[PDB]
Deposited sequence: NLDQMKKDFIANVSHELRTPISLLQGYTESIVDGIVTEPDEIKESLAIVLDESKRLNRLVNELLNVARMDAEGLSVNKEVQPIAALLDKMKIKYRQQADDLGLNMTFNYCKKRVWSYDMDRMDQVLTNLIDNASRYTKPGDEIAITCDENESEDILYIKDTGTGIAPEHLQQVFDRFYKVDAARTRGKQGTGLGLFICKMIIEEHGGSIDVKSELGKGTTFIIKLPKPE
């Protein structure tokens, strides 16, 4: 039923991208065709144009990450390497967008831990999870990534204080399972959501 998931994802994505385009087109045309005229209304219109343009950028980057994840398939080549190297990439990648969205992003208790993972594939996974949290969050919210371990497994928590579709998270689950690991989620309609990634310790 992967095929149907892909169809429903594409259907949902089409709507989510067309809507912001139709909105910033209509507001722009409204100004250039002389329908909106009052300075306050021109300014409110342009603020929406800018907001929709930023939302489109975020939607497009999220979709392309899902596309790359899918195109790379199940190819996982784990290397023993610090987990902090991956989290530091996530930290620079989302530094500006966290500013923009008013989000506090934290990376906690991971210093000097050496894990076994595929950097490029886990980048794709963490991108999709952060992208997901960034959808459902508001200014003043937090996205906290925390490391832990049990006797056989390294553990990453991604927590936020926050058919259509699940594909992104379903591909994430496949990549993690190809690491020999697991992913679970807990969500409360209070508080927010936590993803739990477990990966086998380096042998």
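Absent C-alpha positions map to one deposited sequence range, 163 to 188.
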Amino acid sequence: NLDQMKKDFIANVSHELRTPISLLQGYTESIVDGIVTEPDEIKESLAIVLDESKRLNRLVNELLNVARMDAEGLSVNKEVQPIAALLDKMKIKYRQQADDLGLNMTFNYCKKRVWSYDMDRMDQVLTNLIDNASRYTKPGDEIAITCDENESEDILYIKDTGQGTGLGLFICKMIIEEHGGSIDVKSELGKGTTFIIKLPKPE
From here on, numbers count along this sequence of modelled residues.
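The deposited model assigns a higher average Cα B-factor to 67 to 75 than to the other stretch when 81 to 89 and 67 to 75 are compared.
Stretches compared: 130 to 138, 22 to 30. Higher mean C-alpha B-factor in the entry: 130 to 138. Annotation for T146, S152, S45, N57: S152 ranks highest, by Cα B-factor. Among all modelled residues in its chain, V13 ranks in the middle third by Cα B-factor. In this PDB entry, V114 carries a Cα temperature factor that places it within the lowest third of its chain's modelled residues. Among the modelled residues of its chain, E178 has a C-alpha B-factor that falls in the middle third according to the deposited record. Annotation for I197: CA B-factor lies in the lowest third of the chain's modelled residues. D100 sits in the highest third of its chain by CA B factor, as recorded in the PDB entry.
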